[PDB]
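Residue-level listing of the chains:
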Amino acid sequence: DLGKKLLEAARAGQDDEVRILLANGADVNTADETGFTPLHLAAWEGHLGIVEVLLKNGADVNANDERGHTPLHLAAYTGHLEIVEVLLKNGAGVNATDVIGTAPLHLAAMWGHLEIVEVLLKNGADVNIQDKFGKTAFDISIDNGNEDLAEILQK
């Protein structure tokens, strides 16, 4: 119902409709079939203003989808630096791990998002974290052919 409209409005970037739906009772943390909340989708699509609106309306900054991804996971994956910064300023768990043991630092390094890597480390990213395959952000950097980025992620 309203929750379904809120998810799509956040995905499509309709920030006026997001506010309208929230003003009319829409659950800010509505989750779709796969566990994505409006904050997940806005982070994935790169809608900074909607991220800020949802957070001002009680959104769960650390909501987990069915795979354990938080909004910070999706922002780091898609390379949205401004959203990464805002999420961290709003208490995002910098070292959250998904069901495979992957943290946001793994995903930023997977695609060579250097600025995002620095921000995560600046906010306490732990480089020793290993996913279930034993791969640290350092190792992931090597496997994905991101060598110069592996100097900052040693150990």
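Residues numbered from 1 in each chain as written, not as in the entry; some residues may be left out. Heavy atoms only, no water.

Method of structure determination, per the deposited record: X-ray crystallography was used for this entry, reaching 1.750 Å resolution.

Naming follows the PDB entry, where the protein chain appears as DARPin_5m3_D12 of synthetic construct. In the PDB, the structure is listed with the title "Crystal structure of DARPin 5m3_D12".

Visitor: So, the overall build of the protein chain: which residues are in play, and what are the values?
Guide: When helices and strands are tallied, the protein chain shows nine helices and zero strands. The N-to-C order of helical and strand elements in the protein chain reads α-α-α-α-α-α-α-α-α. By the compact-globule yardstick of 15 Å for 155 residues, the protein chain fits well, its C-alpha radius of gyration being 16 Å. Taken over the C-alpha atoms alone, the protein chain extends approximately 50 × 25 × 25 Å along its principal axes. Looking at the 155 residues of the protein chain, the share that counts as buried comes to 46%. Taking the contacts inside the protein chain whose residues are at least 6 apart along the sequence as the reference set, 65% of them involve residues at least 24 apart. Here the protein chain displays about 7,800 Å² of accessible surface, and carbon together with sulfur accounts for 48% of that area. Averaged over its 11 positive side-chain charges, the protein chain has a centre that lies 3 Å from the centre of its 25 negative ones. (Helix = DSSP H or I, 4+ residues; strand = E, 2+ residues; numbered from the N terminus. Rg over C-alpha atoms; globule rule 2.2 N^0.38 Å. Buried < 20%, exposed > 50% of the residue type's maximum accessible area, 1.4 Å probe, protein only. Contact = heavy atoms within 4.5 Å. Areas by Shrake-Rupley, 256 points an atom, 1.4 Å probe, with all protein chains shown as cover. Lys, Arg positive; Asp, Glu negative; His and termini not counted. Charge placed at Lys NZ, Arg CZ, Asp CG, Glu CD.)

Visitor: So what's going on with the packing of aromatic side chains? Residues and values would help.
Guide: Under the defined criterion, the tally for this structure stands at two aromatic pairs. Considering the side-chain rings of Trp44 and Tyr77, the 5.3 Å spacing of their centres and the 20° angle between planes classify their relative orientation as stacked. Remark: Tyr77 occurs in helix α5 (residues 71-78) and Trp44 occurs in helix α3 (residues 38-45); sequence separation between them is 33 residues. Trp44 gets classed as partly exposed once you look at its relative accessible area, which sits at 38%. With relative accessibility at 32%, the residue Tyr77 sits in the partly exposed group. Relative to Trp111, the ring of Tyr77 has its centre 5.3 Å away and its plane inclined at 80°; by these criteria the two rings are edge-to-face. Highlighted residues: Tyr77 in helix α5 and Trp111 in the loop between α7 (104-110) and α8 (114-122), separated in sequence by 34 residues. (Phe/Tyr/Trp six-rings, centres within 6.5 Å; stacked < 30°, edge-to-face > 60°.)

Visitor: Before we move on, can you summarise the packing of α3 against α5 with the specific residues and values?
Guide: For the pair α3 and α5, interaxial distance at closest approach is 8 Å and the crossing angle is 10°. Comparing the axis directions of α3 and α5 gives the class roughly parallel. Crossing of α3 against α5: the hand is right-handed. Across from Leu39, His40, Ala43 and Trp44 in α3, the residues of α5 making contact are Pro71, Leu74, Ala75, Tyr77 and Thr78. (Axes fitted to C-alpha atoms, helices over the stretch in contact; angles between N-to-C directions. Parallel < 35°, antiparallel > 145°, perpendicular 65-115°, else oblique. Left-handed = near helix turned anticlockwise from the far one by under 90°.)

Visitor: Talk me through the side chain of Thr30; I want residue IDs and the actual numbers.
Guide: Here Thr30 shows up in the loop between α2 (15-23) and α3. When its relative accessible area of 17% is taken as the criterion, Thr30 is described as buried. Of the polar contacts made by the side chain of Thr30, one reaches the backbone oxygen of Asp27; its length is 2.6 Å. When sequence neighbours within four positions are dropped, the list of residues in contact with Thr30 reads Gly3, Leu7, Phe36, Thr37 and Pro38. (Polar contact = N/O pair within 3.5 Å; in protein donor to acceptor, adjacent residues only side chain to side chain.)

Visitor: Kindly report on the side chain of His73, identifying the contributing residues and their values.
Guide: In this fold, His73 is placed in helix α5. Classification of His73 as buried rests on a relative accessible area of 0%. Leaving out residues up to four positions away in the same chain, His73 has contacts with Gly68, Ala96, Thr97, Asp98, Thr102, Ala103, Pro104 and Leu107.

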